[PDB]
Amino acid sequence: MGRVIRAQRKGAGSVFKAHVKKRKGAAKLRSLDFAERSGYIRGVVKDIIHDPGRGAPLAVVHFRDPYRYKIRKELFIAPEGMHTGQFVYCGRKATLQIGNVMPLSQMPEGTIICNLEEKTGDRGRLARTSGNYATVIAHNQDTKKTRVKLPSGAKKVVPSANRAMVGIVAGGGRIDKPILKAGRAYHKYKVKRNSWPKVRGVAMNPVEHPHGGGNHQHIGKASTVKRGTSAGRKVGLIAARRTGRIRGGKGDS
RNA sequence: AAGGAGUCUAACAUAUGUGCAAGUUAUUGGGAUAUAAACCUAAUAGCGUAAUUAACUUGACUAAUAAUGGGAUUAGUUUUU
RNA sequence: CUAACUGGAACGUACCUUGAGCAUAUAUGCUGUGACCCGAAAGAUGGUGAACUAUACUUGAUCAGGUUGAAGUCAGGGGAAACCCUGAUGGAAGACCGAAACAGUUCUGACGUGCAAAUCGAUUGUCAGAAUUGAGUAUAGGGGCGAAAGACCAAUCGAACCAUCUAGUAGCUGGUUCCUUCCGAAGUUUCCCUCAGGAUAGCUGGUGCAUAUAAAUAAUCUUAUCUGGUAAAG
RNA sequence: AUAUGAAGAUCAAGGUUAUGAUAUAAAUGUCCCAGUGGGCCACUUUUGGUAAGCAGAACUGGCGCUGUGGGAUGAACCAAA
RNA sequence: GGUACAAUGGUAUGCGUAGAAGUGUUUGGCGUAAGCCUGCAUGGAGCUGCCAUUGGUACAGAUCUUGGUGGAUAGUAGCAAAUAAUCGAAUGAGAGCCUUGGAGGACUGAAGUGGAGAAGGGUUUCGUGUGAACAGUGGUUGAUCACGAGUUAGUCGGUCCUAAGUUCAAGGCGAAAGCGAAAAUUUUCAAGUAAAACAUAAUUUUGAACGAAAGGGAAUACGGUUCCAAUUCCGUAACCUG
RNA sequence: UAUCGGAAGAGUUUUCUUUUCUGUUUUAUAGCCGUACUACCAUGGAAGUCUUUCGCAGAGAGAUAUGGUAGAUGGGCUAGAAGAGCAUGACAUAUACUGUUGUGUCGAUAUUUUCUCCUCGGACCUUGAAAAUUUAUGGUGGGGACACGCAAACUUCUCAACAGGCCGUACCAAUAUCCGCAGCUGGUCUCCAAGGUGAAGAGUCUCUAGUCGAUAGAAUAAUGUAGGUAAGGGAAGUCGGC
RNA sequence: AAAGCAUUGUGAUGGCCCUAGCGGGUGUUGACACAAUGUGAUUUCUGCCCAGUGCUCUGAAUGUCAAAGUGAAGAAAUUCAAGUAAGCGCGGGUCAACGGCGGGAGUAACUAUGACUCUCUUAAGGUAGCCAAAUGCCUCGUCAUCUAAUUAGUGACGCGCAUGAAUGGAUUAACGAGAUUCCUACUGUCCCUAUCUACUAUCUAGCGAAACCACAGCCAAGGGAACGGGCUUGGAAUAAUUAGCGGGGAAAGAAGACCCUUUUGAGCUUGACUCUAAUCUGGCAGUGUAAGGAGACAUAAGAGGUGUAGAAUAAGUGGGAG
RNA sequence: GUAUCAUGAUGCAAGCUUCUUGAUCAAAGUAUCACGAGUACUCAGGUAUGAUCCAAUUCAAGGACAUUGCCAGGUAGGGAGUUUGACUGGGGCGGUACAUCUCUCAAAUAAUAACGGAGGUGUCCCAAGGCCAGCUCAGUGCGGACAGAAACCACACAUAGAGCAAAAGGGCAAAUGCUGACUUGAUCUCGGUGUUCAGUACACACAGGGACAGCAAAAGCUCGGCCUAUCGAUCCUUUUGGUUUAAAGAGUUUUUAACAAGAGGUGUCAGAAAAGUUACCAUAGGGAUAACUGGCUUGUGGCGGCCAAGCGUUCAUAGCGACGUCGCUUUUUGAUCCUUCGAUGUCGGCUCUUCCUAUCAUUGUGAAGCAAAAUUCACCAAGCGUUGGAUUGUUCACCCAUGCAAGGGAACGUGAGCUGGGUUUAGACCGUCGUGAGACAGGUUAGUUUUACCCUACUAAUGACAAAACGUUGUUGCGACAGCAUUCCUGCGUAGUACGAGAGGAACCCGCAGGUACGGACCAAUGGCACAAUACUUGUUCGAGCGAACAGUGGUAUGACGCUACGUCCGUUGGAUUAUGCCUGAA
């Protein structure tokens, strides 16, 4: 045979689950009730907090319930510049200021946004890491499909009734500090998951990896593998259009 | 010191024993009783008495009296001189 | 006319040429069954284990004494300015030395039918850390888990352990149990995925049977005849 | 062109079975019966190899399977089973 | 062809507590041989010759199997890590021990060889008695052996709460077992009432439970007491819950 | 823990030593008064800036200053406390089933080394549990209460009466109670923690406590195992200063 | 392992992975993320090659080309026939994908050497560097250094068996129970051994194993299965024992873990032979409702269709002889 | 409320929360019945409204596509199972000795082996088959213009010297060769035989019978190739063939089947369908089989003896010694496969002992082209000796040096003697190779070395009963036998002597004085070890004070006795006589 490789085991569960014990509670926008469609709803920021693992801060915002008699307590993903004690307005008639969240039709073009809904009403699925944003490229006024530009470079078409919060997200830009320290990546990852000290497959044994094995330590065959090559072979470069260093300008804009 | 390794069975072959012999073998059953034995027995069936041919067909000379017809080699026989 | 029968052959045959068989016993022999007895590395099915160890999670616990002296701060000097220079303060760092603890370098020391199926002694490594650790909890076998050695998963690991299939198979090693009498081998032939093995023929024995108060034949010489290209000869 | 060939089938006529020595009884079937299918040594002849207590063959005799006498000793030599 | 073993069918008007089988043996023999017959000694209730038919039928070997035993060897195997005991006394059958008490020299040296707990253990604790075996020497002692006893709570814990997680609940699925599912399944699947009016009327679905003698979590301390138990008994003074 | 005094005993005394030693105690619970530090409040208005820390830290968003509040953090007085009880100590009373007199007092160290309490910081692409449980506040209704006095109060106050079930609990916790086949130099989670030296929980030595348990005795050959020392030379040894 | 560096996939009806099936992990996720790999701090750089192989591309459409569907022949079975999906083939991209990176002659005033020329070829001919290296066979290379003496060390040199740039090249401070060399200090490592201590061993009293064993146990020579304790011939041969010893007993341990053989295995690899999960692709079903182009099949119908001749031009015209 | 509208038409917009970390939950109002106990009075709820109305599908994206169900193609070492020929002077590698043909081996019938030797086969052929007739070939000689070494024509000789698809062999002349003639017998059938052989198969040959045909006037006998090679089972598929047999209820046609004869193919050729690697490895065995020891063997090296071309001024052998020749030597080194695979520990070094002589040195000698010195050759000869280092794991060789002088080997001597550097398991790195797993006889680094207590042997220790040229128990002796030991160098004198033209020069013999190595003792001196004797001293402890203690010897210092070298003392003597030189003395 050979044994089940270390890529195939991460999907099975056990030691490869996410370390969600001290995480703070699933940040997402409000749900599109009636004030998010007819007018707006005022919220108050109560604290800014840190989700463990997630490098962007979160914000605890307190809305009132319009039908029940309690106080809703929403986790958001922090726009940079959001501070405690400030008001957040969510709705159709939100004014354009950070960090209001309003539908993507009530924005001008070129507006920088974060926490964008992929499909409408699904409470915040796009551009929500640390330092990242989307950009309203241009509406197509009827057919109602805004086009946005996403942090990949890629340029996607949304509808225009879904919501996004104005502003870049806070906590940017984390990734410029060197880690310097294996023990500081230990600490990075012990609140995330068991992506390891990633031992290289070329260092393993032929049982445990396609690349493992030889006397000298080499891949031995092409590292770009077919798309539907079906685990536990899909290692190396998964369906790679091209390789090598880019010597050229292929930003897609 | 005790234990410890060519067996049982199915099928066939040759050989020898035994019974009956164009036969043979009841042994699945049924009877009759005396006891898992022994006894009697119907109708079948197996094998044999007829083969050959892929098959379809066909099927072993006028011995009512010639052992295979004829020949050769032939133990024996009031044979027979 | 539609049809059947009739003539001569040759060749073939597990057939015929006036029945000899069937039932049963016993020995031998070939075959299939655990198959003379013992013996694998395997392979399948269903189970059992994370009390060791691995990793992860939850909740706890614990790590002398010193060394060194980063930013920040203070007071002085100096300079047109920019800003330098001296003292102190302070007490960072997967920093150092080392006790506990955790480890295992070297002696290739002791011991090596041991105190001990991994220990003893001395030297050494690390010691606030990607550190050590308890209980709970998760992951289970072509699976897990791995800072990766094919390591570890209960003294078991390049597929754990248990029970069954299973008396698995073995052209291979080993053993195969009373006496006397008589007869007495083979290591060659052909063929075989055959070369440590068969089947085959030869060599052996047993059991008969056909012929016992020549001119039947059969085997080494002489005779007759044919054959031969080696020694020698050239 | 011979129902003279050539084969065959019959009657005729033929002293003294037509070298030697032998007869372990020979003939013929069946169990295709068991074991065996590594051989090895020697004279003589041989091939390869520098050679070999090496490799490979022909011939007959041996050891294997065999004691005993001789070669001090010894599978095989000499003698004798 | 012959001989050993065990049986079955016949048979010997067989043998036997007046001594069968077995065993032992310088009793005497027979057989080429396997083996057989016999005397004596032990033994105490069964057994043999013949004809047939048999069978789990004969052992030196299998690094055979089970059991027992010998040398080696009463030992130049050995009982040498952790400093160390000695005097006198009593007991006793016997004393270097652990047996005791006295004196005395020493060690652990508190990061202990001191004093307590958690796992685990399960009566080992304690008193008296003690004989073999065990304590790799001894043993009058013992964690041994016999007998008798011993563990007391409103306050210490458990129990209660959840964690990581787990077991189940019919969406489901699978031939089923069961998912080495995690079901999150599921018409009102859950609450609420000094309980109502032209629906009584306001509200909520992640069901459920387990999982911490180290996390969370009400309340107690002292002095005394026993051969053996104490934040538990006794006395005293408090405290919590209802 | 250590110093120094007082009262009460003890130890040494040939010589010295107003010596050396020992003990010299006060639980939970609760009434009081105060304090370490921190925050706050009132007054008032700061540059000629000042208050302040080991450190920085703070102030026209109100410093210094003076007077108050809170946190009874963590302590002293009293109650428990019966010259209690306890402990040291002077007599008396035979097991004749018991009484008693005295003590228990001052001061002051430094514990970077223990435990707690409070403060103020730092490291971090690491930000450091959840639930029962409990309280305060706010809100609409609704509840009560009336003076010529009768009351009240699941009453967040004080006291009284009653009750508190189940199960564990002994002992060891390891050179002899557990795992390693064993009375096995192995392994196995914590708590307390004296003095002298000293930087020190080091090493060495000692007090409390504990133990002398490792078969003994004789002798001290070879070879060994562990430990020393060595003239002159100095790595010539050795694969290699092992 | 790491930090740094780079590449890859993925905007969610997604990527990756689990699952028998349902369904799940990442995911309390969202490109500064998740996942897949190589390289391995900094410094300095990272040459050329897309021929082979792998990966990749709306894209090349017709070489190949499945079932289903459609057409034809036959009484049917059925046989032929077109058009056919991915994949392949053809075309493009890509090397911090896998990997690779040449010879032969002739020439400069003594010789020597080859800046220069010609030519054969290749996808590209090994660049910057570096080197007898932990990588150089020859080999103990040659020169220097280090020593009295160096197959070692260090510095150079370079036609380099067989160096070479994220298959990373060249360096590099600090760091190291890593490998190596020299000098100092130091010593019993040595010359070259001696002695002292503890505990053994030892002797005793008590207690008491095991491994092992054909039989056993002095040799020399011979012969022998080619190295005897035993045989043959010699030499020779006296009990019972103690502590040592390590010649022998081809001593013990352990059915050689090396080699070979077995028509015995296992682990791993690869396009070995044959399969398979998953994936992609086409077809059918679930699978409906419409419009507009569809190729007007067929139908509700309609007219027109052209030899000599004759009334001419009857698509055709016979019933017909008014 | 804005364009647009004289007050309405009419599109467009809206009807309300954005200065500030407060708070909001439970309807007030009107509307409407209610107008009820009490007598004018304490004393009351519903619905609508506030909060417009009607629809209904909780909204939103997809949407007849996805997904799923079922077939089809493709991809797929992710995964499964399995296979990787034999032979073989070990296996891998090479090859094919594997099916076959000829010559030889092969020893005069036939048979006959090796990875013996020399080659051949897997085809070619409408003629190169069949048959008649005619013809003579290799070469050679004399000739014939161009024309010669050869062109062609022609004569004479030609035993095959040519030719025959033939690899070799046999064979062959009015042919089996060369040329023409017609031709299809390279046909159909049925057996039988030869070879190989088991007396099986195929296949190849043969000899016949039955046809039908070719050539020839005819006899003739043509059944492929002049002869010896040129090739292939079952199952399957596929033709030809009867003018067929069957499909099992019966006819008919298609289809299928069956039977006869071919073809399609198995080259491992009596005929599986088949790639690696394992250093992570397992099992059964094998001394039928390698790796080392032992045995035989010696081509290779060297060491000897004959002959004497010659070298050596002259001289063949003072010293050599060509071309030949005959031996010895295995250890290197091959060759071998006999013993060992239920295991003989596999290189070196260290240690330690013994043996050989193939003699380096020394003793005793003989010889030189020997004056002396130095050397060379040889003889008797194995007694003593044959060292210290640098580099390398080495082993030889080389280097520094000492040395009067620096010989060669044996028990593969020696791992329960050690060491563990080489080599050689699992870890690892580089170079080349490989697609890969992996390989390297290339480099590099790290990597458990077990047991004696048995018997001998050896070394030391005791030692009884008996037998006894004779008891017990002491004392003094004896020697058989076994062991066996000393050794080389130096310096003075000899002596600047002999010798030599000189230069150089006998450390000649002998005498003397020492040293090396080894041996056997010893301790007066000196050196080393510590009466744990004594002094001091650190820490602790004893109230202080001592020739107290503890710290497994606290540490330093001196240190008798004793042991001990690095010191001291001692270390021999006769006989037969080898090599050689002679005497006497012949045959």
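Residues numbered from 1 in each chain as written, not as in the entry; some residues may be left out. Chains lettered and ligands numbered in written order. Part of a larger assembly, values for the part shown. Heavy atoms only, no water.

- Deposited coordinates in this entry are attributed by the record to cryo-EM, at a stated resolution of 3 Å.

- Naming follows the PDB entry, where chain A appears as 60S ribosomal protein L8 of Drosophila melanogaster.
- The record for the entry shows the title "Drosophila melanogaster Ovary 80S ribosome".
- Here chain A is described in UniProt, under the heading Subcellular location, as follows: "Cytoplasm".
- The record in UniProt for chain A states the following under Sequence similarities: "Belongs to the universal ribosomal protein uL2 family." (UniProt positions renumbered as here; feature names shortened; annotations may be inferred.)

**Some details on the side chain of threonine 111**
Here comes step 1: In this structure, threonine 111 sits in the loop between β5 (101–103) and β6 (112–114).
Here comes step 2: Accessibility expressed as a relative area gives 10% for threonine 111, which makes it buried.
Here comes step 3: A polar contact is formed between the side chain of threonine 111 and the backbone oxygen of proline 108, at a distance of 2.7 Å.
Here comes step 4: Apart from the residues lying within four places of it in its own chain, the contact partners of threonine 111 are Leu96, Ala134, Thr135, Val136 and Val166. (Helix = DSSP H or I, 4+ residues; strand = E, 2+ residues; numbered from the N terminus. Buried < 20%, exposed > 50% of the residue type's maximum accessible area, 1.4 Å probe, protein only. Polar contact = N/O pair within 3.5 Å; in protein donor to acceptor, adjacent residues only side chain to side chain. Contact = heavy atoms within 4.5 Å.)

**Digging into the nonpolar core**
Here comes step 1: In this structure, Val61, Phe76, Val88 and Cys90 are the most contacted members of the largest nonpolar core, which totals 21 residues.
Here comes step 2: With five residues, strand β2 (residues 57–64) is the largest single contributor of residues to this core.
Here comes step 3: Among residues more than four places away in sequence, those in contact with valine 61 are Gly43, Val44, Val45, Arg72, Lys73, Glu74, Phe76 and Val88. (Core = buried A, V, L, I, M, F, W, Y, C linked by side-chain atoms within 4.5 Å.)

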